[PDB]
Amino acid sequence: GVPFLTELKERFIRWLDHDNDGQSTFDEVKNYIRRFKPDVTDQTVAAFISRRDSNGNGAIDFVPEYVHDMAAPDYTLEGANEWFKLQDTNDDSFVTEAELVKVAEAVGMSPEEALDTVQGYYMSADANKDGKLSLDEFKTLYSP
C-alpha cells in the first residue's frame, strides 16, 4: 500500500537523520545499525548506503532516495538478505530466536513484545524447528 509521507519523514528523523538536514551520512547510518548490531563493520554500513544512494553522494537523501524506496515497498531476496545479515549478530548465516529478540528489544520493543513477535510470527518460518532461521526460511516472512 501507499505510506503516509509525514510518517516516513518522522521515521527518517528518528532513525537516520536526527538533525533533519535531509541526509543520513555515514556516522548517522552507523549509529542507527549499532542500536541492534553494535559491532557492525564500516563496510556493512557503506553497502547499506550504496543500495539506496542513486545520486552517488555517499549519503541516503530523504528525497528522492528514502521516499522512492519506501513509497513502493516490494520484496527482493537481496533486500531481505540485507536485514537477515544485520540480524545475524555473529555472522554464522542463521538468525536465532535469541538474536531476533535482542534486535527487537534494541529497536524499542519491551521484553514480552519482543518474545511474542519472535516466538509467534518469526518462528512460524522455522520449518525444521531448530530454533533459528536460514535465509530461505526468513525470506518467507515477507509473504504471509
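Note that residue numbering follows the sequence shown and begins at 1.
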Looking only at C-alpha temperature factors in the entry, 20-28 or 117-125, the higher average sits in 20-28
So which stretch wins on mean C-alpha B-factor, 35-43 or 80-88? 35-43
Quick one: which of 110, 96, 93, 57 has the biggest Cα B-factor according to the entry? 57
Quick check for you: using the entry's CA B-factors within this chain, is residue 67 in the lowest, middle or highest third? middle
Could you place residue 132 in the lowest, middle or highest third of its chain by Cα temperature factor, using the values in the record? lowest
Entry-reported C-alpha B-factor of residue 52 relative to its chain, by third, is middle
